[PDB]
Amino acid sequence: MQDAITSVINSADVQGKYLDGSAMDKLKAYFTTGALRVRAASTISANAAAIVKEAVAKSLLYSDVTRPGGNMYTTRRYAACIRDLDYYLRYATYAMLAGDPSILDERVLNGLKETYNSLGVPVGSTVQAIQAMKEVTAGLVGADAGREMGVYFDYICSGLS
Amino acid sequence: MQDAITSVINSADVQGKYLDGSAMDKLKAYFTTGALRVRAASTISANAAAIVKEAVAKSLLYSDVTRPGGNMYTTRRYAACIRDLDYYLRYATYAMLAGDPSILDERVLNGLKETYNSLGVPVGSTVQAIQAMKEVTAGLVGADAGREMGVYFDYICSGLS
Amino acid sequence: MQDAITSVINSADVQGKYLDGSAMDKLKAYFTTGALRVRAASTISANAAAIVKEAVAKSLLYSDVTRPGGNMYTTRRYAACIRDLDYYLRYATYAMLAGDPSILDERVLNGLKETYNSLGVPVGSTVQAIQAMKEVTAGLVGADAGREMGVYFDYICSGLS
Amino acid sequence: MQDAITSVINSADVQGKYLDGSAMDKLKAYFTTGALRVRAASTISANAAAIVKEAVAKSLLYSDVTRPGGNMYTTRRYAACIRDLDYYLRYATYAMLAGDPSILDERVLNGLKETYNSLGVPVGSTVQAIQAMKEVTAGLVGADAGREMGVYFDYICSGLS
Amino acid sequence: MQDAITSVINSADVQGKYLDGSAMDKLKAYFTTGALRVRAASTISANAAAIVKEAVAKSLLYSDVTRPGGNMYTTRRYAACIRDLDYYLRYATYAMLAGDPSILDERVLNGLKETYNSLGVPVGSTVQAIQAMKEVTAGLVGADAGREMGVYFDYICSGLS
Amino acid sequence: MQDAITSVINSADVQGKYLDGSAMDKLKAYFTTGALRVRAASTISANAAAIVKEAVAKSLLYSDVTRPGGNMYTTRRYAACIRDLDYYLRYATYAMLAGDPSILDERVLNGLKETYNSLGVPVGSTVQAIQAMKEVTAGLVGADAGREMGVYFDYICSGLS
Amino acid sequence: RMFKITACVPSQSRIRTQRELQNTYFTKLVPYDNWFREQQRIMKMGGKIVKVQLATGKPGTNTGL
Amino acid sequence: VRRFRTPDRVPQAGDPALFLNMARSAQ
Amino acid sequence: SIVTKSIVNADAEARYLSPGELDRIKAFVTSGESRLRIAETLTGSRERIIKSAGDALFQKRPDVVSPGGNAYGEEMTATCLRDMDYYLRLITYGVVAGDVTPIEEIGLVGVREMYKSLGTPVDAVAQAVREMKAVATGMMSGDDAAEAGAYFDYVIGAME
Amino acid sequence: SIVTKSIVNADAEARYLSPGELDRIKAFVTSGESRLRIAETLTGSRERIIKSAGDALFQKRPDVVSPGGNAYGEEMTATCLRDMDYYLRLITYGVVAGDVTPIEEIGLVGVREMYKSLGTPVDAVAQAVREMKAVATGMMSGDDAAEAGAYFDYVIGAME
Amino acid sequence: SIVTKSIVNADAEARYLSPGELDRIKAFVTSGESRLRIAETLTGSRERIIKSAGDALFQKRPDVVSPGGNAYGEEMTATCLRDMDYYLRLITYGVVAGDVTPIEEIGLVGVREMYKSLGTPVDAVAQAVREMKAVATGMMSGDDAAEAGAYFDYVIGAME
Amino acid sequence: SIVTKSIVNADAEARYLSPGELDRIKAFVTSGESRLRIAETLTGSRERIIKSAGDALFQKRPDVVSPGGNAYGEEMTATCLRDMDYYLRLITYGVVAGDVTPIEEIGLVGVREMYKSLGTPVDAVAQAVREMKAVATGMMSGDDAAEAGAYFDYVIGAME
C-alpha cells in the first residue's frame, strides 16, 4: 500500500539518494493531477449504487447467468455479486486517489483468482461486468478522469484474467 | 469405454455371479435394438457435414458470435467450431452404437469444461449448437432413433453445462 | 448438506423447470424407503457404543496398532480412535437418513485425509475399522438396511483412501 | 507473441473497428523508434558474452553463492547460471525488438518462478544479476536505448520476484 | 519439546523396555552436567542485551547492511534484528538447559528459512551474527559451558543455512 | 425460562411430590390453549412489521416525540424506537407461546428500567405504544388470543412502570 | 457515550472448579453501541443486571453522542 | 433463400420474456 | 427440509436423532401425500394465480405501474409477473419440502439488498405475495389452504 | 466538526495532533467566512429551493404522489417537504461544520430502517436530495457550489 | 509482421538477430510511411472498391447471383459484400504489417473448410479478390499498386 | 502521507472518501508548492544545519563527547553527525509528504530499543533535534518555520 509519493520516496530510499529532479518532476505531476483525482473521487462516491446497477443492467442482466443454472442465479448470489462489484468500484476509486495500483494487487488481486476458481465464479463474465462499470464511470466523470479510472479497472481485469 | 454388453458383464463379474435372467433380458433388449442402431449409424455417417452445417445455420449463423468480437469470428475459430461440432456428432454416433455413454465422459467430457473455460469458449452457445444438431439428426433418422441419439446428445449437453 | 428431496428440487430449479414425472418418481422412491430408514436409524442409535467396540474388537484389537509404537497405543490415542469411529457411525446414520452423501463430503471427508496424513494416522487400518463397523451394523439391521448403510460406509472409505 | 503492430491490430480487431488515428499514431511511434531498436539489437548481439560475464563480475562473483554451499557453486551450476543469464539477455533483446513484452511472459516468465523455487535457485541474487546486466547494457548502448532495454529487464525482474 | 530425560524415556518407551544401564548412564551424565547448565543459564540471563549488542558490534555494525540499501537499514529493521538475535540467544539458553535441541527445530527452525527467504533477510549475515553471539557468550561463561552453548548455536546456524 | 409445563414441574419439585391430578389439570389446560397459541403465534410472526408500523402510527407519530424536541427525533433514535417495539412484540409472542411471563421478567424487564431512566426515555409514551400494539394484535389475531397477548403486554407495562 | 454496569451472573449450566468471583459479579464500562448486544448477552447467560449508570454518556444529546 | 438475420432462440425456462405476453394483458 | 434440519440439529449436538425427531420425520413422511396434492394444486393452476394476483396487485398498488414506478411498461410488467412466478415456484418447493429452507435458502436471504439495488418497494412485493396467497387459498380446501398459507405467510413475513 | 474528528483520530492513535492536522484546523479556521457565506445563502433561500426541488421531484417520479403511493394527500406531501426541510437543514449544519459528522449523527444512521417502517421509497428521497443539490448549486457561485455539492453528494451517496 | 517473423526465426535458432535481419527491420521501419499511405488509400475508398468489385464479380460470375447460386436473394449478394469487406480489411492489415501473417493468421487458414461448410465456390471468391485487386491497383500509383498487389496476389494465391 | 491516511481511514470504514477528506486532500495538493519550497530550504543548507546543530549540542551536552560518553572520538562524533543527518532527511520527507508517517514509519518506531541497545542517551538526541530545529527555524520565514517546526516538534515529542 503506497501512493505515487510513497513509491517515489521508496525508490529514492532504496537508492539511498536524495530526491533529484526526476523525482521532483514526478511529484509535480502527481500534485497537478491530484485535484482532478479528488473531484472524480467525489463524483464516484456520489453514484456508487447507480454505477453498479447500470453495470449489471448493461452486462449481466437478462443473460444466462441470472437464469437458473447461472452462478448469479439466487438472491444470495445476486447480493454477493453486487457486493463484489461494489468492492471493485471502491478499490478502483482508492487506486485512482493514490495514483498507484499497489492497493489493488495487495488487497483485491491477492487471492481473488483462486477464490473465484474454487467457488465456480465465471471470470469472463465478471471481467465484462468490470468493463461495463468502467464504461459507465468514464461516461460519468469525463474523458481524462475516466481514463485514469480505466487504467486501474484494466489493472483489475488483467489481474483477474 | 464399454458398451451395454461389457457393462452387463462387468456388473455380473463385480458381483462374481453368473449371468442371471435380468442380464439375459438386458442383452436381449440390446440385441433387439442393435439393427436400428446400425441403420441410424449408417444414416448419420451419410450426412455428417450436412447435419453440422444445418446446426450452424440454425443456431450460430447471423448471431453475434460470428460477428466481430464473437468467439466464432475468425476463419480459424470457424474451422475449429466445425471441428468441435463434428466431434460431438461422431462421438454421439459412437455412444449410440455402443448403447452406453461411457465413451462420452471418457473421451469427450473429460477435460472439456476446463478447456472451454480456459479458451473463453461460450458453453451456452455450443450447448444450443449441439441441441440444434440433435434436432436435425432426429429429423433425419426418425422418432425413436432420434430419441436414442438425443439421449447421448443430452448427455453431452449436461456434462458440458 | 441436502437430502434426496433437496437435491431433486435443486436439479429441477437449476433447470428452472417444474417437477416432472421423473422427479415425482424419485421422491416416491424416497418416500417409500423412508420408514425403513427411520427404523434403521433408531436401531443404530440403540447400539452406538456396542457397534463401535465390536468394530475395534474385530479389527484393531490385539494387532500392532494397540501395541507400543502403534498409532492407537496410548489412552489418549485410544479415546480419540473411539471418538473418530463414533463420528463415522453417526455421520453414516445421518447420510442414511438423508439418502444423500452430501453431508459426508461436506463435513467428514473435507479435510480428513490431510488431517490424518499430518497426524500420522494410518488410513488403511481406519478403513478396515470402518469396514468392520459396516459389517457389524449390517448384521444388526438386516440385509437391505445394511446395504443402504454400507453404501455410505463405502463412500467414507472411498473418500478416505 | 506479438509486437506493437500485432497488438495494435489485435485491439482494433477485437473492437471490430478500422484503424483510426490513435492506432496510426501508435504505429508511427513504433516506426520512428524501430531504427534505434535495430541498432541497439545489433550492438547487443555484438557483446553477448561480455555483458553476461560483466554482470557476473559485478554481482555474483566473490560472494557466498560462488563459495561452497552456494547455489552457483559447482561448474555445472556455473554453466547453468551463465546459460540462464544469456537467456535473459537474449529474450530482453527480442522484447526490445518487438516493442512488446508478450514474449517475456509467454516464454520466460511462464513457469520460471516455480522452476526456480523447486530447484532452490535464489531469486533475489538472480534479480540482482539481471539488474547488473541491465546496467552494463545501458552503459553499452546509451541512454534511451538503455532505457528501452531496462523496461523489459525490469519486466523480467518484476515477473521473477 | 523434550529434554535429555524425556528423550531417554521416549526411547525406552518406544522400545517398551525398562530403563537399562545405558539409560541410567545417560541420565547420570545429564545429572552431572545440570549444575553447570544452571550456572551458565544464570550468567546468560544476566547479560542478554550486552551479548546481543556485542554481537552486532562485532559483525553487523559499520558494514553495508546498516547502510542504505541494507536489510538492517531502518530503525524498524534494526529493532527487528535485535529482536531476532534476542530470540536466538534465548532459545539457545533453553536448549542448553534441556540438553536437547528439539525445542530449536520445533520452535525456531520450523519456518525460519522460508520466512527469511520471503522477507529478503540475508541468511549469511545473520549466521555470522549468531556466530559472533556464540563467540561472545563462550568468552562469557568459559570453555566447556561455551562449548555446550556453541553446539546449539551451531545447530541454529546449520538449520538456518 | 419456564413454560407452563416447566413451572408446574418446578412447583411440584420444590415441595417434593410427584405429579398429582391437579398438575395434570393445569397441563391439559395448557395444551387446549396451546393449539390456538400456535396459530396466533404464526399470525403474529406473519404480520409483525405491519403491527409495529400501525402501533407507531396510532400513538407516537404526530406527537412531540417523533417531532423535534422528543426522544424519537433523529433517525438513530427512530431506528432504536422501532427496534425496541419489535423486541417488545417478539418477547410478548414468546411469553404467549410458553404460557408464562417469566421470560419477560427474565430477559426484557431485567435492567430495562434503569437504562430507560438513564437515557431519558419516556415511560408513558412507550406504555401507550405497547397498548396500541396490544389492541392492534388483538384486532389481528382474535379475541381469546388477544387477551393472551393482553396480559403479557400488561406484564411488560407493569414491569416498565 | 458509555455505560457503567454492575451485574451478577450465576453459572447454572455447570460447576467450575477455578475461582470465578470475577466472572460472576463484576462492574465494567461498556460502549453504547456494544451495550445492546452485551445486554442481550447477559440476558441469555441468565445473569441479572443490577446497576446501570451511564455516567459517561451525557444523555439526551442529539449531536456528539 | 437464406436470410442472413440472426437465428431466433426459444426462451429458456425462467426467462423474463416468458411473462411478457401476460404482462401485456395484465393491468 | 425436515430431514435436513433434524439431521443438522442432531449433528451439531454430537448425538443421534432423538425419537421425537424420528416420529417428526415419520409424520412428515406420512403427510407427504397431502403435500404432493397441494403441490399439484399450486402447480397446475399457476397461470390463473399469477394473472389474478397481478391484476389485484396493480389494482391495489397502482403507483408501481404508473409512470415513475418500477414496473412501468410492457417488459417491466412482464418482469414483475416473472418475479411473482419465481415466488410461487419457491412456495411449491417449500410445500413439498415440509419446511421453509428451500424458500429462505433460495429467494429470501438477500431479498432486501437485491430489491434495494433494483429500486423496488418491498411492501408492494409483500402485497403481491398477499394477493397470490388470496388467490391460492381461494383455490383449495380448508386444511390445504392453511398448510399453503403457512408458507405464503412465511414469505410475506420474511419480506417485512 | 473537523476538530472533534481530528481529536478522536489522535485519541485512537494515542498521540498528540500532528502538525498536518493542526494546519488543517488552522485552514478550516481561516475558511470559516466562506462556509458562513454558503450557509447564509442556503438559509436565505430555503423555501424557493424546497418548492422548486419538490416540484422537480414530483415531475420526475410520480409514483409517490400517485394514489396508493407514499406521499398521497395534502398532509403527506407537506410531510415530504418537511423531510426535505430537515435534510437541507442538516446540509447547512454539515456545511458550517466542515465535516459530514452532524449529518451522520442526526439523519443518516437508521434512515433505511425507519423508511422501511414508514413505507417511504428511499431512492425517491435520494432523488429529492438530488434535486435540492441541483437547485442549490444552481443558486451558488461555482466554487461554493462545489463545496455545498460535496455535502449534498455525500447525502445522496449515503442514501442509495 | 516483419519484426515478429525475424524475432521468431532467430528465436528457434537460439541466436540473436543477425545484422541482415536487422537492416531488414530497419528498411521496413523506413518504408512504413509509404505503407501507411497505401493503407489510407485503401481505407478511405473502401465503398467504391467493394461496390465496383462486387459489380464486376457478378458481371463475371453471374451464376452465384443466379437462381441456385450460393449468393442468391439480395441478402446473399449483400452478405457476400461483407465477406469482400472482410478481405479488404485484411489486405489493409497486411499492407501495414509488412507481411502476410495478419492475413494468413486471421482469414486464410481454414478458408477452404469454412467455405466448403457454407457451400461456397472458392474460385468465385478468388474472382472477387481479383476484381478488388483490379479496382484497387486502378486507384494508386505504380509502386503503390505493386506493393498492394503483392498482398492481393497472396490472397488469391492462398484461395487456390 | 495525507492521501494514504485518508484512503486507509476510509478503507477500514468500508466507505468512500468523505467530501471533507477530499477537500483536505485538495488543500494539501494546493499547499504542496510551499511544502516543496520548505524542502528545498532544508535540503540546500543541510551542511550548516548539521554543523551548527552539532556545535550547539556538544556545547549544551558536553558529557556525551567527553571520555565516557557515547559520541567520544573521531568516528563516534562522525556517526553522531550522521544520525543527525538521518533525522534531518526524515524531516524533509515528512515536510514533503504532509504527514509524519514517513518519519514515524522509518525512524521513530523502535528508536528507544535501538538507542537502548547502542548505549545512547535519548534525551541528548532530543537536544540534537532541538538544536537542529533552532538552526532550521532560524533559516526561514515565519509560516515556513512554523510548518517545519511542526515536524521537528513531532520528532522531539516522539523521542520523549
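Going in written order, the chains are labelled A, B, C, D, E, F, G, H, I, J, K and L, and every chain counts its residues from 1.
The rule we apply is simple: a residue touches a chain if its C-beta (ideal position, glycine included) is under 8 Å from a C-beta of that chain, and two chains touch if they have at least 3 such contacts.
Protein identities per chain, from UniProt: A, B, C, D, E, F = Allophycocyanin beta subunit; I, J, K, L = Allophycocyanin alpha subunit.
Between F-J and B-D, more C-beta contact pairs join the chains of F-J. Of the chain pairs listed in F-J, A-J or D-K, the one whose interface repeats that of C-I (more than half of its contact pairs identical by residue number) is D-K. Chain A (Allophycocyanin beta subunit) and chain I (Allophycocyanin alpha subunit), compared by their mean Cα positions, are separated by 39 Å.
Distance from the chain D (Allophycocyanin beta subunit) centre to the chain J (Allophycocyanin alpha subunit) centre is 56 Å, each centre being the mean of its Cα atoms. Centre-to-centre, using mean CA coordinates, chain A (Allophycocyanin beta subunit) is 50 Å away from chain F (Allophycocyanin beta subunit).
Residue positions of chain L (Allophycocyanin alpha subunit) with contacts to 2 or more other chains are 16, 18-19, 22-23, 106.
Residue positions of chain H touching 2 or more other chains: 2-5, 12-16. Looking at which chains touch one another, you get A-B, A-C, A-E, A-H, A-I, A-J, A-L, B-D, B-H, B-K, C-E, C-H, C-I, D-E, D-K, E-L, F-G, F-I, F-J, G-J, H-I, H-K, I-J, J-L.
Looking at the complex, you find that chain I (Allophycocyanin alpha subunit) touches chain F (Allophycocyanin beta subunit) at residues 150, 153-154, 156-157, 160. For chain B (Allophycocyanin beta subunit) in complex with chain K (Allophycocyanin alpha subunit), the residues that touch the partner chain are 49, 52-53, 56, 74-76, 78-80, 82. Note for the complex: chain L (Allophycocyanin alpha subunit) touches chain E (Allophycocyanin beta subunit) at residues 105-111, 113-114, 116-119. For chain J (Allophycocyanin alpha subunit) in complex with chain I (Allophycocyanin alpha subunit), the touching residues are 60-64, 66-69, 112, 116, 119, 121-123.
Residues of chain A (Allophycocyanin beta subunit) that touch chain E (Allophycocyanin beta subunit) in their complex: 13-16.
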